[PDB]
């Protein structure tokens, strides 16, 4: 059971090739709460055209460390396991759309 799986996206294994939005955050972090609100709009607009992965840094230093997060919020965009863009501070959903919509 739980057997190991293949890649269509390296982070989300065994499913699909879409644009995943990896967002690092912390509950205590005020700068984030404003962004999370943004992600909600972003999620609604793109629906399933993208996948949002929200990461709580407080619970995964391992990963943040791997991705070298130096601030919150951090937003990284990946398609086909190649980083498309990165933001190390707040971005608007509208801004997010624009960057995303390149692809």
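Positions refer to the first chain, counted from 1.
- In this entry, 6 to 14 has the higher mean Cα B-factor, the comparison being between 19 to 27 and 6 to 14.
- In this PDB entry, residue 85 carries a Cα temperature factor that places it within the middle third of its chain's modelled residues.
- In the deposited entry, the Cα temperature factor of residue 44 sits in the top third of values across the chain's modelled residues.
- When all modelled residues of the chain are sorted by CA temperature factor, residue 66 is found within the highest third.
- In the PDB entry, residue 34 places in the highest third of its chain by CA B-factor.
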